[PDB]
Structures are given as C-alpha cells and as structure tokens.
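*Asks:* Residue numbers (PDB author numbering), protein chains in the order written: chain L, 1 to 218; chain A, 610 to 726, 781 to 903; chain H, 1 to 219.
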Amino acid sequence: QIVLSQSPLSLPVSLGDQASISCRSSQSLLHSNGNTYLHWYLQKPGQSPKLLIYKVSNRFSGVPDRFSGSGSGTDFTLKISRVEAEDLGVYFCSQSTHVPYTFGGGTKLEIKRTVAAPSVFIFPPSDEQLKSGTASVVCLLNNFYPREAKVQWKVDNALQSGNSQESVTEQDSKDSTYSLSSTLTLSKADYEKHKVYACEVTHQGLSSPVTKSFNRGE
Amino acid sequence: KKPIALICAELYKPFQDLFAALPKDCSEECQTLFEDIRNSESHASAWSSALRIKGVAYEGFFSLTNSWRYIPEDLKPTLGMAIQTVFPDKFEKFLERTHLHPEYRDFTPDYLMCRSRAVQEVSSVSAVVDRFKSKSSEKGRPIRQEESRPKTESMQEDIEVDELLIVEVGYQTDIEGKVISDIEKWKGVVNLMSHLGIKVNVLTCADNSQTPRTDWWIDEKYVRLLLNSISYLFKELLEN
Amino acid sequence: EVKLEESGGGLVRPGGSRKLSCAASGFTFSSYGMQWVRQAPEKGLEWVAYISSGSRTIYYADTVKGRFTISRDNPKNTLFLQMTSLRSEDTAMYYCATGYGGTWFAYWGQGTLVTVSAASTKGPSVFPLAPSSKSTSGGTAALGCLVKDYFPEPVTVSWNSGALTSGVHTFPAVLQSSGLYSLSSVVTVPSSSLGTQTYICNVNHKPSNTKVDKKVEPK
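Dropping the structure here:
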C-alpha cells in the first residue's frame with residue numbers, strides 16, 4: 001500500500017502565524033494519466049472531515065484562501081498562511097492515485113496560548129456509588145496549557161497502578177486550554193481500608209508538583 | 610467415391626447462402642477459396658483451403674454479430690502500428706522496451722480497436792468486455808481477459824485516456840487451449856503496456872461445432888450457415 | 001446543495017451483519033463514483049470501498065475484502081454497504097463520500113455509528129461529583145457527574161436542561177475492559193451560587209431509552 005507520512009504529528013501555532021504540514025509518500029503519486037491525486041482534509045472536532053485541497057494544489061470551491069498546497073512526486077506540503085481560531089483540528093493528507101486509497105495519520109493543529117497551570121480538584125466517591133460496592137475517585141485538572149501533564153494516584157502514600165484511567169478534552173475553541181480527568185476505581189472493601197487519597201499533578205505551569213488529597217473519614 | 614469438384618456441386622446452395630451473408634470482402638475471399646477447393650488437385654490442398662474458409666467465414670460472422678468492421682488479414686494493423694498512431698508520444702519508449710522482444714511490435718490480433726477518440784474505433788471498450796464476461800458467466804463459454812494496469816493505479820473520473828481493445832477469436836475444437844494460448848502470448852504486451860502507462864484490454868474466445876447453437880459468439884442464424892456449408896464440407900472431404 | 005445522508009448504523013454482535021445506506025441529493029448521483037470511509041473512535045480515517053458510477057469498477061480495503069459489499073441503486077439515488085462477519089475492529093463511524101468529479105472525498109455525510117460488540121445495551125449509572133473545599137479555587141467551585149457503565153455509545157450530557165454551558169467539560173468516554181463505557185462531566189460555577197442555584201446533570205442514553213436527571217449538591 002502507499003504509506004503517507006505526515007510531519008509533525010502535532011503543530012502548535014499562534015493565531016495569525018503560518019503553519020506548514022508535510023506529507024511524504026512511500027511511492028510517487030504521479031498517475032499515468034498525468035495527474036497527481038494527493039489531497040488535504042481538515043477534521044474539526046466532532047465534525048465530519050472537509051476537503052481543503054485536491055490534486056496537490058487545487059483549493060476546493062469555498063475553502064478560505066489561507067489554505068494552499070504544493071509538491072510533486074512523493075513530497076507535498078499544506079500551508080496555512082495565517083492561522084485562525086477555526087483552524088483547530090486534525091489535518092489529513094490522502095491519496096487516490098493507487099488502490100487502496102490511503103490516509104496519512106493526521107496532524108493535530110494546536111492553537112498556541114500563554115501557559116496556564118491546571119486548577120486541580122478531587123472528588124471522593126459518592127455514598128450512592130459506595131452503596132453499590134465500588135468507589136471511584138476523580139481527580140480533575142481544569143483549563144491548562146500546554147497539554148503535557150503527569151497525574152499519579154497514591155493511597156496512604158502507596159503509588160497506584162493498573163486501577164486508574166484518564167481522559168482529556170479537545171482544546172477549547174474559546175480559551176485554547178485542555179482539561180483532564182483521572183479516575184481511580186477501587187472496590188468498596190479496598191477503599192475503606194485506607195485513609196489518604198491523593199492525586200499528584202506535574203505541569204510546567206506549576207512551580208512544583210501539586211498533590212491534592214482528602215481523608216476518607218472527613 | 611465422390612470427386613471433390615463434385616462435392617462442391619451438391620453444396621452449391623449452402624455455400625451460396627454462406628457467401629450471401631458474409632461481409633463483401635469476407636465473401637469474396639471465401640468465394641476464391643471455394644473455387645480453389647473445387648479445383649483442388651490434392652486432398653491436402655482441399656483440406657487447407659477449407660480450414661481457411663472456416664476461419665475467414667467465422668470472423669466475418671463475428672464482425673456482423675458485433676457490428677464491427679471485418680478487416681482482411683493483409684490489412685489488419687499490428688500492435689506497433691496502433692501504438693505509433695494512437696499513442697505517438699509513447700512510441701519511442703515502446704520501441705526501446707521491445708528491444709528484447711521485437712516480435713511484440715508485429716503482433717496482429719484479429720481485432721485491434723481503440724475507444725472513439781488502421782485501428783478501428785469502438786464507442787465503449789468496457790461495454791465489449793462486459794458482454795464477453797456476461798456470456799462467459801451465463802453460458803459457461805471460455806474466455807480470457809486481461810487489462811493493463813500501472814502499479815496498483817486506480818481508475819479516475821476527472822480525465823479520459825485513450826485505450827486499446829485487442830480481440831482474438833476462433834472456430835476450432837480445442838476452445839480452452841485457444842484462449843489459454845492467446846492470453847499467454849499477449850501477457851508480456853499487457854505487462855509492457857502497464858509499464859508504458861497505456862491502457863489496453865485483451866479478449867480471447869472461441870467456438871466449436873459442439874457448442875449449442877444458441878450459445879456461440881456469433882448469431883445463431885450465422886451458426887446454421889457455417890454448419891450447413893463448411894462443416895458439412897469437411898465431412899464430405901473425409902468420407903470420400 | 002449536495003447532501004449525503006447515511007443510515008442503518010447501530011449495534012451488531014460479532015460475526016453479525018449490517019446494511020448501511022446513503023441517500024444522495026443535490027447532484028446527478030448516477031454520474032459519479034461513490035465511496036465509504038470509516039473512523040474508529042479517537043483514530044484516523046480509513047478508506048473502505050469505492051464503486052464507479054455504473055457499478056463496473058469496485059475497490060475494497062484489504063481489511064474488508066470478502067466480508068463487505070458495496071452497491072448502489074441509481075434510480076433511487078442510494079449507495080449501500082452490506083457488512084458481514086463483523087468484528088470488534090469494525091466498530092467505527094461510517095461515512096459515505098463522493099468527489100463529484102474525482103476520486104477525492106469532496107462531499108461527506110454526517111456518518112453513522114456502527115458498534116460491533118456482544119455487550120448488552122445498558123443505561124448509565126449516574127453519580128454526583130459533589131462540590132467541596134477540595135474542588136474550590138478562589139471564587140470558583142467545580143462539580144460534576146460520573147456517567148458509569150453504559151452501552152453502546154451515544155450518551156448526551158447537559159446541565160440544568162442545557163441552560164448551563166459556560167465552564168462545562170464533558171470528557172470523552174473510555175471503553176472499559178468490561179465492554180461498557182464511562183465518562184464524567186464537570187462544570188465550574190461561582191462558589192457563591194452553591195446552596196442557592198440547583199445543579200442537575202441531564203444524561204440521555206437513546207440506545208437504552210434512558211434519561212437520568214441527577215441533582216448535584218454540596219455534601
């Protein structure tokens with residue numbers, strides 16, 4: 001199959017700056033009919049994809065003119081001359097010269113903004129859930145930038161593993177931040193054998209790792 | 610017991626019916642050949658003539674059935690001629706890549722057509792391929808078919824390209840062997856065309872006298888004409 | 001205007017079968033090739049199949065060969081995908097698409113979600129994430145709802161019947177090893193409003209026809 005290699009995997013860019021996304025093909029995309037079927041798409045969060053550029057450099061009707069494409073053979077580039085807030089999302093190249101039609105892996109365009117340290121909150125399990133035999137403890141990292149963050153759970157200073165899951169929002173269309181939930185799930189029996197529940201958060205916006213903790217009985 | 614000249618006498622009416630239905634040039638060739646049989650001095654001579662009539666008549670009826678122009682063998686274009694005239698900008702590369710297999714330039718199919726832009784014109788190549796595949800799939804008639812394809816290229820909807828259709832037909836007992844040998848002969852060209860970026864289809868098919876009359880590659884009306892004339896003649900030349 | 005509208009998605013057991021349809025309008029459907037593309041949740045785009053205008057030329061992704069069949073009905077302006085021997089790896093949003101003049105994907109439908117799993121349909125358990133001093137920062141408090149162990153996806157979460165939208169973060173669901181989904185929704189509000197404003201997370205899970213309204217209070 002034709003392999004399309006996009007670079008970079010993620011592209012932070014300030015509003016108003018240019019962005020350039022590379023797509024490299026494992027073989028030439030020049031078709032024997034003389035056309036080169038390399039195309040560019042944007043998928044905004046929660047929406048279906050949208051064609052931007054077809055056959056290397058043809059802007060699709062109605063696409064804003066800040067988008068353009070160039071290249072030949074195996075080396076292609078998508079340029080956004082001046083990034084706008086609506087350009088947040090994942091950019092894909094794809095090719096239809098050869099069967100199977102194939103896509104690049106996607107380049108996530110991230111709107112750059114000033115560093116924002118997370119606000120860190122913790123939620124003990126509800127009595128309703130404990131009545132059912134399980135205890136989920138939620139640690140919330142709210143409205144932070146950039147995305148890189150480390151979250152770990154300690155129960156009476158013992159580091160937990162294999163019993164927590166984490167989820168991250170897409171970059172917020174308005175304030176360009178992320179939020180992250182980390183949920184620790186223990187059995188009710190396990191939960192009641194321990195006192196201190198703590199979430200430890202590392203983020204470059206913080207002067208030092210922040211531990212948010214509560215005491216079960218309290 | 611019957612002399613050959615005399616064999617041609619009894620078959621006067623079936624062969625008149627045959628000559629009346631074939632295309633003009635095809636009819637004339639068969640008519641000359643028939644007089645060669647009538648005036649045959651040897652059995653080998655009369656058999657060879659008949660074999661030729663069998664192939665030439667069948668191809669005239671194949672043309673009629675398909676509304677294609679019957680082309681005498683002497684006027685049939687070669688592959689090299691089609692490339693030079695339909696794909697002139699690739700002819701130089703065609704020559705270079707045929708240095709090891711120059712016989713490819715002289716390959717002369719029974720039919721050598723191109724999509725409507781001495782190569783004949785056909786409005787749709789895919790339509791011809793489909794009706795071949797349909798009859799093969801419906802009546803179990805042996806065909807072979809190959810399409811050139813550069814690398815794993817997809818067909819496209821935003822541009823049209825010239826293409827060739829190469830067809831081999833025949834009337835002979837070993838139908839499977841006919842189509843197997845044809846597609847093998849042309850396999851190297853198809854791969855050549857793939858490398859030149861030239862779109863071609865090759866089709867080969869065959870009929871024999873054991874095929875059900877409604878199942879031939881020619882109209883059943885033409886089957887009765889061949890069976891009543893040439894095929895009877897072959898019986899008479901053997902039994903006498 | 002060109003519009004493609006997929007239907008036929010939903011829940012299928014592994015090894016099962018499903019037929020998708022795509023209704024095309026606003027252009028002469030019969031003159032153009034039509035395509036299917038899919039996207040597994042949180043993953044990239046994967047082409048599925050192509051069918052020429054007159055159905056003579058059909059291409060398939062290698063991962064669906066022998067299992068999926070693409071077809072169309074030009075008089076009815078409809079494209080079909082017949083899916084068989086389905087596997088969990090086929091769970092995805094399925095889009096129909098056309099180039100309206102080429103093999104690129106110029107127009108896309110909104111997609112239809114196909115979930116392949118033997119998990120049984122189940123509405124969520126919804127638990128409060130109560131505001132406390134441990135969820136307060138200055139004049140702001142966070143609260144939310146844990147939406148646990150529902151199947152299949154689509155769940156919608158709103159707050160106060162949609163009136164509360166500022167500061168709401170509804171996290172993507174995580175597929176758990178049980179085969180069920182879970183997520184949380186959180187919102188930050190003025191701490192001054194605790195005890196005077198009622199906060200209710202409304203959770204709607206149409207696959208199970210369940211709707212939960214959970215009021216979230218200080219504990």
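Even for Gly, the Cβ is constructed at its ideal location relative to N, Cα and C.
What do you reckon, are the CB atoms on L:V56 and L:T77 nearer than 7 Å?
*Replies:* Not in contact: L:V56 and L:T77 (Cβ atoms no closer than 7 Å).
*Asks:* Hey, does A:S857 have any beta-carbon neighbour from chain H nearer than 7 Å?
*Replies:* It does not: the Cβ of A:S857 has no partner Cβ on chain H nearer than 7 Å.
*Asks:* Take every Cβ of the segment 833-847 of chain A, pair it with every Cβ of the segment 653-671 of chain A, and state whether three or more of those distances are shorter than 8 Å.
*Replies:* The segment 833-847 of chain A vs the segment 653-671 of chain A: in contact.
*Asks:* Got a sec: does the ligand FAD put a non-hydrogen atom nearer than 6 Å to the Cβ of L:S68?
*Replies:* No copy of the ligand FAD occurs in the structure displayed, which carries no ligand at all.
*Asks:* So, helix, strand or coil for H:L143, using DSSP?
*Replies:* It is a strand residue.
*Asks:* Hey, L:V201 and L:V120 are a contact pair by Cβ (cut 8 Å); roughly how many whole angstroms apart?
*Replies:* Their Cβ separation, rounded to whole angstroms, is 5 Å, which keeps L:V201 and L:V120 in contact under 8 Å.
*Asks:* Looking at the structure shown, is A:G833 part of a helix, part of a strand, or coil, going by DSSP?
*Replies:* The answer is coil: DSSP assigns A:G833 none of H, G, I, E or B.
*Asks:* Under three-state DSSP, which class holds L:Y54?
*Replies:* Strand at L:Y54.
*Asks:* Which residues bound the beta strand (DSSP E) around L:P12?
*Replies:* Looking at the DSSP string, the run of the beta strand (DSSP E) that includes L:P12 is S10 to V13.
*Asks:* Along the chain, where does the alpha helix (DSSP H) containing A:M690 start, and where does it finish?
*Replies:* Residues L688 to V695.
*Asks:* Report the CB separation of H:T121 from H:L45 in whole angstroms; it is logged as a contact under 8 Å.
*Replies:* In fact, because the Cβ distance is near 28 Å, the residues do not count as touching under 8 Å.
*Asks:* Would you mind working out which of A:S892, A:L896 and A:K898 sits nearest A:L631, comparing C-alpha positions?
*Replies:* Per the Cα distances, A:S892.
*Asks:* Residues of chain A with CB under 9 Å from H:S52, in chain order?
*Replies:* Chain A residues near H:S52: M818 and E820.
*Asks:* So that I know if they touch, is there some Cβ in chain A lying closer than 7 Å to that of L:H31?
*Replies:* Yes, L:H31 counts as interfacial toward chain A.
*Asks:* Starting from the N-terminal side, write out each stretch of the beta strand (DSSP E) that is 3 residues or longer and does not extend beyond the segment 57-95 of chain L.
*Replies:* Fully enclosed beta strand (DSSP E) runs of 3 or longer: 67-72, 75-80 and 89-95.
*Asks:* Applying the criterion that 16 or more other CB atoms from any shown protein chain within 10 Å of the CB defines a buried residue, is H:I58 buried or exposed?
*Replies:* Classification of H:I58: exposed, given that the 10 Å Cβ count is below 16.
*Asks:* With distance defined between alpha-carbon atoms, name the residue in L:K44, L:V137, L:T102 and L:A149 nearest to H:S184.
*Replies:* The shortest C-alpha separation from H:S184 is found at L:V137.
*Asks:* Verify whether the separation of the beta carbon atoms of L:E170 and L:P45 is less than 7 Å.
*Replies:* In this structure, L:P45 lies closer than 7 Å to L:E170 by Cβ.
*Asks:* Do H:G33 and A:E820 come within 7 Å of each other at the CB atom, strictly closer than that value?
*Replies:* Result yes, Cβ atoms of A:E820 and H:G33 sit closer than 7 Å.
*Asks:* Check each residue of the segment 40-67 of chain L: if its Cβ is closer than 8 Å to any Cβ of chain H, include it; give the result in chain order.
*Replies:* Result list: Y41, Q43, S48, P49, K50, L51, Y54, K55 and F60.
*Asks:* Does L:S96 get closer than 7 Å to chain A when you measure Cβ to Cβ?
*Replies:* Cβ-Cβ to chain A under 7 Å: yes for L:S96.
*Asks:* Using a beta-carbon distance below 7 Å, is L:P209 in contact with chain H?
*Replies:* Not one chain H Cβ lies under 7 Å of L:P209.
*Asks:* Between A:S672 and the rest of its own chain, which residues show a CB-CB distance below 7 Å, the 5 nearest in sequence each way excluded?
*Replies:* These residues qualify, in order along the chain: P632, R678 and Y679.
*Asks:* Along the alpha helix (DSSP H) that carries A:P623, what are the first and last residues, could you check?
*Replies:* Segment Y621 to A630, the alpha helix (DSSP H) holding A:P623.
*Asks:* Taking 7 Å as the CB-CB cut-off, is A:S789 touching chain H?
*Replies:* Cβ-Cβ to chain H under 7 Å: yes for A:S789.
*Asks:* Could you work out which residues of chain A lie near L:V99, taking near to mean beta carbons separated by less than 7 Å?
*Replies:* Going along chain A in sequence order, the residues near L:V99 (Cβ under 7 Å) are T815 and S817.
*Asks:* If contacts are defined as beta-carbon pairs under 8 Å, then H:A97 and H:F105 qualify, I think. What distance do you get, rounded to the angstrom?
*Replies:* Sure, about 4 Å apart at Cβ, within 8 Å.
*Asks:* Less than 7 Å between CB atoms is the rule here; does residue 244 of chain L satisfy it with respect to chain H?
*Replies:* Because chain L here runs from 1 to 218, residue 244 of chain L falls outside it and cannot be looked at.
*Asks:* Scan the segment 106-134 of chain H and note each continuous beta strand (DSSP E) run of 3 residues or more that stays entirely inside, going in chain order.
*Replies:* List check, beta strand (DSSP E) in window: 112-116 and 125-129.
*Asks:* Near A:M818, what residues of its chain come up, given a Cβ to Cβ distance below 8 Å and the 5 sequence neighbours on each side ignored?
*Replies:* Excluding positions up to five away in sequence, the list is empty.
*Asks:* Kindly indicate which residue of L:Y91, L:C199, L:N142 and L:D127 has the alpha-carbon position closest to the one of residue 219 of chain L.
*Replies:* In the structure as shown, chain L starts at 1 and stops at 218, and residue 219 of chain L therefore has no counterpart that could be examined.
*Asks:* By the three-class DSSP mapping on this structure, what secondary structure does A:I838 have?
*Replies:* It is helical.
*Asks:* Run the CB neighbour count on L:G104, radius 10 Å, all protein chains shown included, and call it buried at 16 or more, exposed below.
*Replies:* Per the 10 Å Cβ criterion, buried.
*Asks:* Can you list, in chain order, the residues of its chain with a C-beta nearer than 8 Å to that of L:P125? Leave out the 5 residues immediately preceding and following it.
*Replies:* Contacts found: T134, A135, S136, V137 and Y191.
*Asks:* Which value, in whole angstroms, describes the spacing of the CA atoms of L:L130 and L:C199?
*Replies:* Answer to the nearest angstrom: the Cα atoms are 20 Å apart.
*Asks:* Which value, in whole angstroms, describes the spacing of the CA atoms of L:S96 and A:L889?
*Replies:* The straight-line gap from Cα to Cα measures roughly 50 Å.
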